[PDB]
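Below, each chain spelled out in residue letters.
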Amino acid sequence: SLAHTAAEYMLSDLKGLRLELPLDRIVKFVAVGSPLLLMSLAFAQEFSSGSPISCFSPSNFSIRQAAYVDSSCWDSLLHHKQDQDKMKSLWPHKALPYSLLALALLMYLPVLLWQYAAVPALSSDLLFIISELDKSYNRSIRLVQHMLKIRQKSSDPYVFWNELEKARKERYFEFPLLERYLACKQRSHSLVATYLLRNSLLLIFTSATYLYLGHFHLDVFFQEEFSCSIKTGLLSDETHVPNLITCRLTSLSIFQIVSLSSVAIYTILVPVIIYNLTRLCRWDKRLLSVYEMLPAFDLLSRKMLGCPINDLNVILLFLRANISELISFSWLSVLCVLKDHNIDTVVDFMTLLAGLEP
Amino acid sequence: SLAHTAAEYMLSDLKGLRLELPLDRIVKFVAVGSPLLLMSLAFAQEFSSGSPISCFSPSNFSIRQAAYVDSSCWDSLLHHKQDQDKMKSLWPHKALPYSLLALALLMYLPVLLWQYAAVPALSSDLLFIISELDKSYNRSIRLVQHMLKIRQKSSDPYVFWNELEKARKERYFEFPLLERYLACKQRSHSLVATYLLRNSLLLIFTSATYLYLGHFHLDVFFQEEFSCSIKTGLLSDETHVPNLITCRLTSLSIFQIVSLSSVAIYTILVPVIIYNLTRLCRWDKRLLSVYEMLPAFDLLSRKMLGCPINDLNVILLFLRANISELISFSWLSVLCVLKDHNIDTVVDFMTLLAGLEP
Amino acid sequence: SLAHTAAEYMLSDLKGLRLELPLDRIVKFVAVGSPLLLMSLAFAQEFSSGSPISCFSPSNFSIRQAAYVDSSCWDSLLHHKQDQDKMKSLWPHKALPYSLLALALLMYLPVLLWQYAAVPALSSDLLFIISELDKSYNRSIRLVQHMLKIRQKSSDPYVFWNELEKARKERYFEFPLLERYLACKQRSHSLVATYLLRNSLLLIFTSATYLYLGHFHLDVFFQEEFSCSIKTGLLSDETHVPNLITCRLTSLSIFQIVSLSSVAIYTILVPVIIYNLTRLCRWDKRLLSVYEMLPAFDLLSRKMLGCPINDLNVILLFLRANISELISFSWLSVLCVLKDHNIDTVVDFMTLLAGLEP
Amino acid sequence: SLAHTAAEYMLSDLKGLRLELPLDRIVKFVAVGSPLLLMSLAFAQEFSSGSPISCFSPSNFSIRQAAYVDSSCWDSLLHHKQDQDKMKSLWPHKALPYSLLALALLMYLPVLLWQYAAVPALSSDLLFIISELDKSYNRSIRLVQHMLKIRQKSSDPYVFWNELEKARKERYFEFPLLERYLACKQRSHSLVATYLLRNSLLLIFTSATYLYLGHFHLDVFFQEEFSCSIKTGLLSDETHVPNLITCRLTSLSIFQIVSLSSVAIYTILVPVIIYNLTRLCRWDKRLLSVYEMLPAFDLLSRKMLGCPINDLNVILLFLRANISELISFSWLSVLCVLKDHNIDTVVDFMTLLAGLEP
Amino acid sequence: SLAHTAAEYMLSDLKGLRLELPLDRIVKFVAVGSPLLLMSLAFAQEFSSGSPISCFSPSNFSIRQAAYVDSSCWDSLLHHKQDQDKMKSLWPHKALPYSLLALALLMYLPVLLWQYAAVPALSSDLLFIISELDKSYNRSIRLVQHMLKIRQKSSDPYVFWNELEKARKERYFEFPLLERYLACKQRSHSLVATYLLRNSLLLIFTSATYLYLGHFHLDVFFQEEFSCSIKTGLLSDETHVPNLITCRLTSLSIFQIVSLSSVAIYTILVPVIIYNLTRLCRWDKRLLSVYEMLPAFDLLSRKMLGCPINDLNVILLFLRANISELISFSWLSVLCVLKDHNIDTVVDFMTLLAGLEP
């Protein structure tokens, strides 16, 4: 089955960045692999359908004539009701695998749009961001060996403030270019549209699937017997039954169960994308108390105003997922005992020098 | 069969930390792989079922007519009893693989929840804790070694009872950051909730499986013959049998054996999760006797009081399984001969000094 | 099926250079793999063909005679209409896989032409050009150190208003090799033809596919029943039906869907080739403002005049995709804060020393 | 067949330690894979059974009726003997694959028990021993090499019986850390119970297999023809033979051969388990003569007294297998010429210094 | 087929030592893989047997009745000859696969026992012997170069006939540990018993195969038609043929060919085993003429006395296959010139100083 090779080629799980949120990956997995899995279950493995149509041909017919009768109606699914002659078609029974494959291909479009429209740019931005944090951290490394015999011998305030205010105007406190980079990036409105459009495509496709299931299905759902005709052409001048009644659709149960599963999976999937969309509608101030004290992280906390829709929200959402890899997976994360005005200041710095890393 | 592929993808066996207990692993393996194995056995390998329904059609029927007979009843499981006209359905026979796959997928949810909502924080805490405790070694053999050298130069109270306080309560012998970190953790109640929910989901899934097996199964269990009807539609105006009796279900034995095995496996597996849950309801004091001597290992034994339902219990339980990789898989493990007040204290030192460590 | 294999060898995704645009890549993917996917869907997997034609032979015929009748009309697919005796053929039904394979093979010609007659000559140019232009960061505030420091040494115009005509404009700063190379490349008109030919081949082949679908298809489209003759040879002297009416094509629906999808995919693909060919018809000056300040990058924006159909256009088109490999993954992409006269050009400068890499 | 996959997954052949004896390994292999091999041979490959039952239906019956007759008795194996109506079941014929799979999975429990309840503790207790034994090597030859500085030019009585006699009491040569450890492990009894349970499980399991083969088999062994009944339900009101006599079991020979092989393999396997049980019941004093002279091995050759049940026996048993890895695969193994009171003590030493390794 | 799987698992082709003689390897290959190859050839691939028995049922019988007749005699092979009622059985036709697999498994036991009972000690001895023998190179050139250098400074008896006793019988030109090791080992008789038993097991298995082929085969060899009985049970009260004559065995020729090949292969194999056995019954003295001149190799050449059945014989037998790895793959192998007492001793020593090892 092509479902397996589809699952292998597409839907398959720089050098270090996490470019996709776990919830987005879960949503993509569930929305893309479900049609392929349903197609694999329906037309392979357990339920060997064989022939999807059976016909009650008269006993006078031979084997090949019965095969002709049952094969000339599968491609001509038409109910010749006696109620004029409203020939109702049951084409979903034949087009179900095509619809499943079309939905599987369609649900992959937002993934490609995200991956190609804006991923080199985001990679460039965050790569540059991480390319100078390491060098500034190295520039901040050469303070502990300065704070070992100059800091120790003192009457507490002076050196543990005195050398700090000496280091305050000293050029390893004010960061080189971030003060302008963040101003450039926050105001630019280019990358939020990609996120919004990616979520809107999934919502629109779910709505389209609902419309498809509500309009074409739900009508031929409890219909299992239909009467066809063979003498509708060159065979009209022949002596046999003019209405080959009681042609039964063998795989009706598979049809119903596939429809129900397709409805249910997207029904439970709907609110997750809405939550992801609403994630960007607010300014996240969970850990902002500890951010305003650190030199570099003060700038991230400062530019938190105005409309909550700009590139800064997405960049911060991606950095928070990338703030714990190997180097910021440190004191910053360990600074959880500082979440509970002259004592708090000296308590906060003692904790900082307690984790003196080397 | 897709059971093999499902076993390949899901249920397939930082950088050194153990993020799962062996009992939890065996529980997950047994609860996940069992439905897949049952599905593989039931509809593949040994017993090639062929057609799960056989029909005793009258000899006047043709081959294609008999095929239509036996295909028009496998999707219309209905016992047309003469007792009015209660058509009892036998749909579990058709839906057994569906139920098995659904159970296998449902039982994978707690593993995903544990992986997504608790693994990173617990890994971070374990990393910080191990990085702090590995430095506790060169603080009781390298810092305390000047108790044996001074003991032989003096006698009793001012050499062994009056120096254990000015050295134990010394700056190099304190870990205040670790004490504060565990003090803030013992108040937390987030990560224990993940464990409780992970076990509770398995409990409710086992209960739901019990209701499913007790309500739908156990009724169609000893019934192997049912009389169907064909003239319930456009075939009503025809001359043949109106009640085509004795349609026999071929794979009843597989059904019964699968149901019995599913009952037995989970009946055996039930108390294990209960024991896992009650593991957290007590404070474990199996080795505190040797722990309270060490500098850093005194703290984790000190903050051991009050209600046991908290984060520190979980982190310590995971730490016990994580205390023996390559570094603490040493003297700490060898500290078994000191498990049996001023006699052994001078003799427990000589065993400790006997090891020249590197 | 051969479609899977052809997808494995053909269409499978120096040492760092990107010689193909992503739009070109996706165009090639969706132009080459689409007929292979259609062929795989049409004659394998979900829809099991069996026999592509059914015959209504008289009941007197045996099984082997009916098989002969069925097999003697597929290779002689021929409508003997009574309307003299215009013997219309329905050969597209038989020739669809051959046509699909021919189109799939024909789609590869522009790709191989570009890979053979364009890649090495252009790759030499890219390697050489990136090689000179790398020598621009050594001609930075390392060599322009006495320009920011001369602000207080010297005064006003001959600092950062007229200092550039003698101190900057001198032999060390300028590059004669670029001046010699770019003019000759501008006058050259060799490689400007390969891109146009490769796009025009795809356009011509699309038009040919349209003509094929409009002439041979769209006529035998709703025809599913035709009458044949078997007494057109050595069987003429036999007593049986002289014309065997109602030979039904079982796979008419697959034919219709294949034709419709083939039309739709190429209709969607048509404008992208036009966009790609028109990409070269204009000069891109999006980031020319920041290019003319830099020493080496000034020459790229200086030779920007005349007719756009030149080698330089393709060179810069491929360079902008490779301007972010690992070393130019830096300040030039960083300099977004410079896209908003005395304060303007100075602010151009301390932004350069902020990203001083080491 | 699932037997192949079961063989790959289970029963598939620190970092250098040998935690398993070869005899126990071969016992596990021949006890686990044997039922899997029998299952693979019995229901696949050479003997393509097809249908396990053949029925002599009357010639009036059609093909479908005969198929129903032969399929309605395989799942209802019940001998309707005329001797009241003691309908006897021949259910082992249908349950043989289930029994084989149950035994194959069932034999694997002791392996898991040994791997989970004894591997870590034994690995640690043996690793400490080998680590001490490879860290206390230099004090066996080079220790007396400095005493050999005088030995070359000093009289034997006072440089072989008195000068290095004090070196025996010296600080450098003594291993109390073993001396207490051996006794402490000797007083324990935790790990011997795991070995005893592992072997007793195999013994009980073989006896259970014997009970199964003696009670339910050995009765339907020469029976190949049984007479069934079809009119035992809704078909009672029909005109045909009341008993479909002479239903012959096709695969009786496979049944008999499988039973005989299962009996013979375990009959051959029985004494090895007993020998492994009694291996622990005695002191192994094969090489105690050379152990009592060596520094570290004197302690190993000191403590063998009292009851034979202790963890020390298992530890030394596993150490003997690992005493020839790469470093103890040395002079100790070379010391085979010292297995044949003033000349014995001197010949034993010039042999020791003859193999002075570097 | 299991033949391929067995070939992959069993019979599949320290760290440098060669512990199996090429002749032993080819003997094992041609003795183990031959039955597997015969089984793979005969019961698969080219000769698709299908049904191994054909029945000439009367034309009145139906298809299912004929299938019953032909399936109830394959498992009941009994010739109801009219000559009382000597029902001769033809069970080898059914048991040939089982016999072939049993022979294939039986021929592997000596390999396993040799692997498990002789490899460790032999490898230890070989490693010891090589690690001592490789030191002999700097023991005849680095130590005896002052034999021809002094020779030119004097004349005859005190320069080439009186110094050969002072220099040869010196401390550094002696190997006491090695000579004692060989003295101890030539008394041993453990490893030689393994070789003798390994060869005798193949001999007895060959004789058993001959007995099996001569007792059960060679009787049913030209018999292809046997008359069975079907009214030997519940069918006795029926109206049909009491003697269903002419049940023809389809696979007689392949049976004959398999038997002939099995006889011929082992007939060819027999003398190789006896030659391998007789290899140990003599002292090999081919290159021993020069072995008496090297210092260390003199001990290997000295102890050729008494009965040749010793562990020493086997240790040199495995040594000669291992004298040409990389280091003794040298001057020793170069020494072909000196295969054609003062004259020869003085002329021959001109090579090592000329052919320097430095």
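Its PDB record attributes the structure to cryo-EM, giving the resolution as 3.7 Å.

Chemist: Could you give an account of the UniProt feature "transmembrane region" in chain A, naming the residues involved and the relevant values?
Modeler: All names here are of chain A. Cross-referencing UniProt, the feature "transmembrane region" maps to residues 29-49, 100-120, 202-222 and 254-274 in the present numbering. Spanning residues 29-49, this segment combines 67% helix with 0% strand, and its end C-alpha atoms are found 28 Å apart. This span, residues 100-120, is 81% helix and 0% strand, and a straight line between its end C-alpha atoms measures 32 Å.

Chemist: Lay out the arrangement of the chains with the relevant residues and their values.
Modeler: Regarding chain A and chain D, which are not in contact, the minimum distance between any of their C-alpha atoms is 15 Å. With respect to C-alpha atoms, chain C approaches chain E no nearer than 19 Å, and the pair has no contact.

Chemist: Talk me through the interface of chain D and chain E; I want residue IDs and the actual numbers.
Modeler: Each partner contributes residues to the interface: chain D has 39 residues there, and chain E has 32 residues. If you look at where chain D meets chain E, you find 1 salt bridge. The interface formed by chain D and chain E contains 9 residue pairs in polar contact. Looking at the side of chain D that touches chain E, the elements with two or more residues in it are helix 2 (22-42), strand 1 (53-55), helix 3 (63-71), strand 4 (225-226), strand 5 (247-249), helix 12 (252-278), helix 16 (331-334) and helix 17 (344-354) of chain D. With 6 residues, the top contributor of residues to the side of chain D that touches chain E is helix 2 of chain D.

Chemist: Lay out the state of the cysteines in plain terms, naming residues and giving numbers.
Modeler: On inspection of all chains with the given rule, the structure shows 1 disulfide over all chains. Between the sulfur atoms of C184(A) and its disulfide mate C336(C) the distance is 2.0 Å. You can see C184(A) sitting in helix 9 (residues 178-187) and its partner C336(C) sitting in the loop between helix 15 (331-334) and helix 16 (342-354), one on each of two chains. Residue classification places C336(C) among the buried residues on the basis of a relative accessible area of 15%. Of the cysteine sulfurs around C336(B), a residue in no disulfide, the closest is that of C184(D), at 4.0 Å.

Chemist: Quick rundown of unusual backbone geometry? Include the residues and the values.
Modeler: In the Ramachandran plot, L218(B) falls in the positive-phi region, its phi being about 75° despite a non-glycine side chain. Among the structural elements, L218(B) can be located in the loop between helix 10 (191-215) and strand 4 (225-226).

Chemist: I'd like a description of the nonpolar core, backed by residues and values.
Modeler: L133(E) and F297(E) are the most contacted members of the largest nonpolar core, which has 87 residues in total. Those residues within four positions of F297(E) in sequence are excluded, and the remaining contacts are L133(E), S136(E), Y291(E) and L332(E).

Conventions we followed
- As drawn, each chain counts its residues from 1 in written sequence order, possibly unlike the entry's numbers, and residues without coordinates are not displayed.
- Labels are handed out in written order, letters beginning with A for the chains and numbers beginning with 1 for the ligands.
- This view holds some of the chains of a larger assembly, and the values cover only those chains.
- Calculated side-chain values reflect all of the structure's heavy atoms, with hydrogen atoms and water omitted.
- UniProt positions are given in the numbering used here, feature names are shortened, and annotations may be inferred rather than shown by experiment.
- Secondary structure elements follow DSSP: runs of H or I no shorter than four residues count as helices, runs of E no shorter than two count as strands, and numbering proceeds from the N terminus.
- Between two residues, a contact is recorded if the distance between any of their heavy atoms is within 4.5 Å.
- A pairing counts as a salt bridge when a side-chain nitrogen of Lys or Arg comes within 4 Å of a carboxyl oxygen of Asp or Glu.
- Between N or O atoms, a polar contact is any pair within 3.5 Å; within protein, one atom must be a potential hydrogen donor and the other a potential acceptor, and residues adjacent in sequence are included only when both atoms are from side chains.
- The disulfide criterion used throughout: a pair of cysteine sulfur atoms within 2.5 Å.
- Relative accessible area decides the class of each residue, using a 1.4 Å probe on protein chains only: under 20% of the type maximum gives buried, over 50% gives exposed, and in between gives partly exposed.
- To define a nonpolar core, start from buried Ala, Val, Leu, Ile, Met, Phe, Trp, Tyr and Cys residues and group those joined through side-chain atoms within 4.5 Å.

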